[PDB]
Each structure stands twice: as C-alpha cells, then as structure tokens.
Amino acid sequence: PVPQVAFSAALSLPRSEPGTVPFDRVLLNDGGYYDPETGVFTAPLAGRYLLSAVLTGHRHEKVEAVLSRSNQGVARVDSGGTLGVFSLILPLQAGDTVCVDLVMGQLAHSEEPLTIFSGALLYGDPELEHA
Amino acid sequence: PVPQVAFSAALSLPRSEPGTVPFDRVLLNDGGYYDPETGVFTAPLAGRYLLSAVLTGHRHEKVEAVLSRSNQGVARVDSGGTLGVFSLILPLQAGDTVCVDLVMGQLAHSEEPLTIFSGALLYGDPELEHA
Amino acid sequence: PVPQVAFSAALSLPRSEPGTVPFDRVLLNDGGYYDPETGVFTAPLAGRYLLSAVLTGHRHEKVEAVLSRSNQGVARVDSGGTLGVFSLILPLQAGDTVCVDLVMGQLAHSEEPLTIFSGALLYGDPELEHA
C-alpha cells in the first residue's frame, strides 16, 4: 500500500501570546498527525521519514532535550544552550509517541520563542517480510 | 517517463571578483536548468525535489529574502541577518521562475560572499491522473 | 535489485577519552561500512546517497577540511573555523575511500569534541546500461 502522508506546520503569529503557541500555516499536512502544542506525535508511517527541526539559538542558557520514545532521554532535537543523540535518521516505533521536555532549572526568565516543524515521508516500507 | 535530472553547482574561485559570481564546479548538472548568476530557475521537474541552500552568516545586518513564484514575498531561503516561510518542502509550479531579491537598505558596506546551491530530484510524479 | 542499506552511528561517551573517538550507538547500520575511528569509509553502495555530518562550532580557529577521493582537497564537510566544496551530492567512486585530515597548525589548543555521523541510501542505481 501507499499511505502518502506529509506534515509541515509554520508559525508566523503577530505578537505576544496568551500562552502556548499553535500553528496557522498548514503547508502540507493532510491528517494532522502530530499535535505540536503538546507535541504528541503519533507516527503510523512505519518507514523511513526525513525529519528537520528548527533550533532557536537562545545563548542565554537553559538545557533543552526532546525526549524520545522507547528509552526516555535520547535527545534527538538536542540543544545545550542506552542513550544516543541523532539528527538525520529516526528510530521511531509505530504508534509510539514523542514528548518535549522543557524543564531544566527554575531560575530563568520569561520568553516566548517561535518554532517551525517540518517532516516529510521519504520511504514507506513495502512489506519486507520473507517467511 | 523518467526525466532523471540532478543539478548542483559549487563555488571556490580564488579571490576578489570583477562583479557577480559564476560557477566552475559542475558537480552533477546535465541540462544546467537554473542559471545561478541571475538566479532564474526553470523547473520542468514537476514532482517532489529535495532542496538545500547554504546560508552565509552575515551578522553585520541586512535582510535577505529569496522571492518565490506565484505569490511574491514567500521567503523560502530566509535569513533575517498568503505568505509563508518553508525550508524542507517546495511548492514550485511547473515552468515558473524564482528570483533572489538582495535590496533591503542602501546604507550598507561592500562585500562579496560565496554561495553553494544544490538541488536534487527525489520523486518524479508518475501521471497520478484518475479520470 | 534492492540493496537496502542504511548507516548511522552516534556518540554519547561519558567524559575525557584517551584519543580518537569510536561509536557505541549503532542506530541503523547493518554492514558497518565506514569505521569513523580511522575514518576509512568503504562505499560498495554505488548509488546516490544523502550524507550529513555534524559540524562542531569551534570558533577558536583551525581549518577543518575532509579530503575527498579522486582529487584530494575537495572539502565536502567544510568548516573554516579542480577543488570544490559540496554538501548534498557525492561524486564518489565505487570502492574508493574518503579520509578526514585534521592538521592545520601545530600552535593550537587541546580539545576533544563529540561528532555524529549519519548517512542514508536514497537511490541505488538500477543498471542504467544501454549497449
């Protein structure tokens, strides 16, 4: 079968938000899949996909680690402003769920950054079962 | 049909140029397609291609926006040293033409940077017509 | 035929190492292929692949240049902390070998960085012989 899925959201809101940031630029994103507000990504994709996150500079400090499914830790979108760090590929399980942790010190300053999350299907695995 | 096209030019000229910068490294680029001097890209590709631009840091200021076809604005190779910004995907029309605007303030300094422009065919769309 | 190869190693070693750095996170890498300790990449792949190296900032200086096969020089993983620089494509020969040169000054500082080396097979060439 061919699942033909792509997803890509962009953010360009005008000024100061009342809270957590949504997305208004559906650039291609037929099913929705990953809710980017809570970051709860259900991939049914089950092939090799091409992933690209946009990292906000924030030289002011604070450690950002996007938790990865099956192991915890495993910062794949890693920024230091059993466990491995990877950028290009994607050991993601079918139906499993990634979650962003943004809590690494409480003596911080208030700031709201802007984030772009693209992610397009490259290869859907075609059965690949032998006996 | 299979159009089997790739294009990728590179720049490694020795020193100070008399004007606008050409390309001597045809890395793979059978037809030529995009003239990178005037930046006039005719894509007959008409499927999904994988685009990667190389962004020169230039912290000194000046806003750089590569104009996109069909809408104007639409900075896809965006650097802030109807309208959306995208990096991974490519809504490009068949036969349409992209152009680089490099004019955002006239009280600037003279500098000549070096730029690498790759772009390879991933998927040619195979008819995809039903009735 | 279907060559079905992917390769990607990751590094998350705990602290201060006695020399050149190996890899403990085989994330997907069935044959192994490229030993990144000695940097001796044997591609039998013979196809167009998408390779991406992670560049350590190192603002302190020192010229980094990864030698490319068939020409010498030709820095493909280029960082300025007949010869061309390319990021996306790969004019690489079957069975030939790329090597990192890390020697551009002797009056420097001692440092150890951590490096992640991904590289995934996009297209295996399917004969493409006519007469």
# chains A, B, ... in the order shown; residues from 1 in each chain; ligands from 1
call {"tool": "closest_atom_pairs", "arguments": {"of": "segment 7-111 of chain C", "to": "segment 76-92 of chain A", "cutoff": "10 Å", "atoms": "only C-alpha atoms", "output": "tab-separated table"}}
result
residue	atom	partner	partner_atom	distance
C:7	CA	A:89	CA	9.2
C:8	CA	A:89	CA	7.5
C:9	CA	A:86	CA	8.2
C:10	CA	A:84	CA	6.1
C:11	CA	A:84	CA	6.5
C:12	CA	A:84	CA	5.9
C:13	CA	A:84	CA	9.3
C:24	CA	A:84	CA	8.6
C:25	CA	A:84	CA	6.1
C:26	CA	A:84	CA	9.3
C:27	CA	A:91	CA	7.2
C:28	CA	A:91	CA	8.1
C:50	CA	A:88	CA	9.9
C:51	CA	A:88	CA	9.0
C:52	CA	A:88	CA	7.4
C:53	CA	A:88	CA	9.3
C:54	CA	A:87	CA	8.6
call {"tool": "write_last_selection", "arguments": {"atoms": "N, CA, C and O atoms", "output": "compact mmCIF listing (two decimals), in the first residue's frame"}}
result
# COMPACT_ATOMS: atom_id res chain seq x y z
N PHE C 7 22.97 3.62 7.15
CA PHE C 7 24.09 3.64 8.07
C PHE C 7 24.03 4.90 8.89
O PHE C 7 23.74 5.98 8.38
N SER C 8 24.30 4.80 10.22
CA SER C 8 24.16 5.96 11.11
C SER C 8 24.72 5.62 12.47
O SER C 8 24.24 4.67 13.08
N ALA C 9 25.77 6.34 12.97
CA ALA C 9 26.36 5.98 14.22
C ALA C 9 26.23 7.19 15.10
O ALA C 9 26.16 8.31 14.60
N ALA C 10 26.20 6.96 16.43
CA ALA C 10 26.06 8.07 17.35
C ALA C 10 26.93 7.88 18.55
O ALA C 10 27.41 6.77 18.82
N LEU C 11 27.24 9.01 19.24
CA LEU C 11 28.31 9.07 20.18
C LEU C 11 27.85 9.90 21.33
O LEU C 11 27.31 11.00 21.15
N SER C 12 28.04 9.35 22.55
CA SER C 12 27.48 9.86 23.77
C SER C 12 28.32 9.32 24.90
O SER C 12 27.89 9.39 26.05
N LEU C 13 29.56 8.81 24.60
CA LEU C 13 30.65 8.62 25.58
C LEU C 13 30.67 9.57 26.79
O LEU C 13 30.30 10.73 26.64
N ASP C 24 29.25 3.90 19.92
CA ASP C 24 28.58 2.87 20.68
C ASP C 24 27.13 2.77 20.30
O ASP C 24 26.49 1.76 20.59
N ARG C 25 26.57 3.80 19.62
CA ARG C 25 25.19 3.81 19.20
C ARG C 25 25.06 3.51 17.73
O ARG C 25 24.91 4.41 16.91
N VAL C 26 25.06 2.20 17.37
CA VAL C 26 24.67 1.66 16.10
C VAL C 26 23.17 1.86 15.99
O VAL C 26 22.40 1.08 16.55
N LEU C 27 22.72 2.93 15.30
CA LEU C 27 21.30 3.21 15.30
C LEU C 27 20.61 2.51 14.17
O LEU C 27 19.51 1.97 14.35
N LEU C 28 21.27 2.44 12.99
CA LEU C 28 20.85 1.58 11.91
C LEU C 28 22.07 1.58 11.05
O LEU C 28 22.52 2.67 10.72
N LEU C 50 22.46 10.34 0.48
CA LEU C 50 22.37 11.61 1.17
C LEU C 50 23.12 11.48 2.48
O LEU C 50 22.71 10.73 3.37
N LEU C 51 24.25 12.22 2.60
CA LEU C 51 25.15 12.17 3.73
C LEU C 51 25.18 13.53 4.39
O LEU C 51 25.18 14.55 3.71
N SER C 52 25.20 13.55 5.75
CA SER C 52 25.20 14.78 6.54
C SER C 52 26.05 14.61 7.78
O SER C 52 25.78 13.73 8.59
N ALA C 53 27.11 15.45 7.94
CA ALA C 53 27.98 15.40 9.09
C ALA C 53 27.63 16.56 9.97
O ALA C 53 27.10 17.57 9.51
N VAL C 54 27.92 16.41 11.29
CA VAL C 54 27.61 17.41 12.28
C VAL C 54 28.88 18.16 12.55
O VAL C 54 29.90 17.57 12.91
call {"tool": "calpha_fit_and_write", "arguments": {"fixed": "chain C", "moving": "chain B", "output": "CSV table (one decimal) with C-alpha atoms, in the first residue's frame"}}
result
chain,number,residue,atom,x,y,z
B,1,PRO,CA,19.2,-6.0,-7.2
B,2,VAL,CA,18.4,-4.1,-4.0
B,3,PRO,CA,21.4,-3.7,-1.6
B,4,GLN,CA,19.3,-2.1,1.2
B,5,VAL,CA,22.0,-0.5,3.2
B,6,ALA,CA,21.8,2.3,5.9
B,7,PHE,CA,24.5,3.5,8.2
B,8,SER,CA,24.4,5.9,11.2
B,9,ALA,CA,26.5,6.0,14.3
B,10,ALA,CA,26.1,8.3,17.4
B,11,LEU,CA,28.3,9.4,20.2
B,12,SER,CA,27.3,10.2,23.7
B,13,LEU,CA,30.2,8.8,25.8
B,14,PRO,CA,30.2,10.2,29.4
B,15,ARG,CA,33.5,12.1,29.8
B,16,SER,CA,37.2,12.6,29.0
B,17,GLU,CA,38.6,9.8,26.7
B,18,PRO,CA,42.0,8.1,26.7
B,19,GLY,CA,42.3,8.9,22.9
B,20,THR,CA,40.4,8.8,19.7
B,21,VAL,CA,36.6,8.6,20.0
B,22,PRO,CA,34.6,5.4,19.0
B,23,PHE,CA,30.8,4.9,18.7
B,24,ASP,CA,28.4,3.0,21.0
B,25,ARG,CA,25.1,4.0,19.2
B,26,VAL,CA,24.6,1.7,16.3
B,27,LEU,CA,21.4,3.5,15.2
B,28,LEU,CA,21.0,1.6,11.9
B,29,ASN,CA,24.1,0.2,10.4
B,30,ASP,CA,23.9,-3.4,9.3
B,31,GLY,CA,27.3,-4.0,7.6
B,32,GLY,CA,29.3,-1.2,9.4
B,33,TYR,CA,30.9,0.1,6.2
B,34,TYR,CA,32.6,3.2,7.3
B,35,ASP,CA,35.0,2.9,10.3
B,36,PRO,CA,34.6,6.4,11.8
B,37,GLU,CA,37.7,6.2,14.0
B,38,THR,CA,40.1,6.3,11.1
B,39,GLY,CA,37.2,7.5,8.9
B,40,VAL,CA,37.8,5.0,6.2
B,41,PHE,CA,34.7,4.9,4.2
B,42,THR,CA,34.2,2.1,1.6
B,43,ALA,CA,31.0,2.8,-0.3
B,44,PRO,CA,29.9,-0.1,-2.5
B,45,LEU,CA,26.5,1.7,-2.7
B,46,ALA,CA,27.0,3.1,-6.2
B,47,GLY,CA,24.0,5.2,-6.5
B,48,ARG,CA,22.8,8.5,-5.0
B,49,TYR,CA,23.0,8.6,-1.2
B,50,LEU,CA,21.9,11.3,1.2
B,51,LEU,CA,24.8,12.5,3.4
B,52,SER,CA,24.7,14.7,6.5
B,53,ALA,CA,27.6,15.7,8.7
B,54,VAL,CA,27.4,17.5,12.0
B,55,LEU,CA,29.9,20.4,12.3
B,56,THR,CA,31.3,21.4,15.7
B,57,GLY,CA,31.4,25.2,16.0
B,58,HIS,CA,34.9,25.8,17.2
B,59,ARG,CA,35.2,29.6,16.8
B,60,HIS,CA,38.7,29.4,18.5
B,61,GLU,CA,40.2,28.8,15.0
B,62,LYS,CA,41.9,26.0,13.0
B,63,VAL,CA,41.0,24.9,9.5
B,64,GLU,CA,39.2,21.7,9.0
B,65,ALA,CA,39.0,19.9,5.6
B,66,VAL,CA,37.6,16.4,5.0
B,67,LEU,CA,39.6,15.1,2.0
B,68,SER,CA,37.6,13.6,-0.9
B,69,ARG,CA,38.5,10.7,-3.1
B,70,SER,CA,39.8,11.0,-6.7
B,71,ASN,CA,41.3,14.5,-6.5
B,72,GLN,CA,42.5,15.2,-2.9
B,73,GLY,CA,41.5,18.5,-1.3
B,74,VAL,CA,37.8,18.8,-2.2
B,75,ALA,CA,36.4,19.7,1.2
B,76,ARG,CA,32.8,18.5,1.3
B,77,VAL,CA,32.4,18.6,5.1
B,78,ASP,CA,34.0,22.1,5.0
B,79,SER,CA,34.6,24.3,8.1
B,80,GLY,CA,36.9,27.3,8.0
B,81,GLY,CA,36.9,27.8,11.8
B,82,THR,CA,39.7,20.7,-10.2
B,83,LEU,CA,38.8,21.4,-6.6
B,84,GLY,CA,35.2,22.2,-5.4
B,85,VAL,CA,33.1,22.4,-2.3
B,86,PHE,CA,29.7,20.6,-2.2
B,87,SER,CA,27.4,19.8,0.6
B,88,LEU,CA,24.2,18.2,-0.8
B,89,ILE,CA,25.3,15.9,-3.5
B,90,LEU,CA,28.0,13.2,-3.4
B,91,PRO,CA,30.4,12.4,-6.3
B,92,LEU,CA,32.0,9.3,-4.6
B,93,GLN,CA,33.5,6.5,-6.7
B,94,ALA,CA,32.6,2.8,-6.1
B,95,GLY,CA,35.1,1.2,-3.7
B,96,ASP,CA,37.0,4.5,-3.2
B,97,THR,CA,37.9,5.8,0.2
B,98,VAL,CA,37.5,9.2,2.0
B,99,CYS,CA,39.9,10.4,4.8
B,100,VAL,CA,39.7,13.3,7.3
B,101,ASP,CA,42.7,15.6,7.6
B,102,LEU,CA,42.9,17.4,10.9
B,103,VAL,CA,46.2,19.2,10.7
B,104,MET,CA,46.3,22.9,9.9
B,105,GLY,CA,48.7,24.5,12.3
B,106,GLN,CA,50.5,23.0,15.3
B,107,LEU,CA,50.3,26.0,17.7
B,108,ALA,CA,46.9,24.9,19.0
B,109,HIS,CA,45.2,23.8,22.2
B,110,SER,CA,44.1,20.4,23.4
B,111,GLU,CA,40.4,19.7,23.0
B,112,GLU,CA,38.2,16.6,22.3
B,113,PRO,CA,35.0,17.3,20.5
B,114,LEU,CA,32.0,15.0,19.8
B,115,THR,CA,30.8,14.1,16.3
B,116,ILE,CA,27.7,12.5,14.8
B,117,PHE,CA,27.9,10.9,11.3
B,118,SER,CA,24.7,9.8,9.6
B,119,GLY,CA,24.4,8.6,6.0
B,120,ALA,CA,21.4,6.8,4.4
B,121,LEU,CA,20.9,5.1,1.0
B,122,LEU,CA,18.3,7.0,-1.1
B,123,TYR,CA,18.7,5.6,-4.6
B,124,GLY,CA,20.5,2.5,-5.8
B,125,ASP,CA,21.1,3.0,-9.5
B,126,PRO,CA,19.2,0.1,-11.4
B,127,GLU,CA,21.6,-1.0,-14.2
B,128,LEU,CA,21.2,2.1,-16.3
B,129,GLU,CA,23.1,0.5,-19.2
B,130,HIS,CA,22.0,0.8,-22.8
B,131,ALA,CA,24.1,-1.2,-25.2
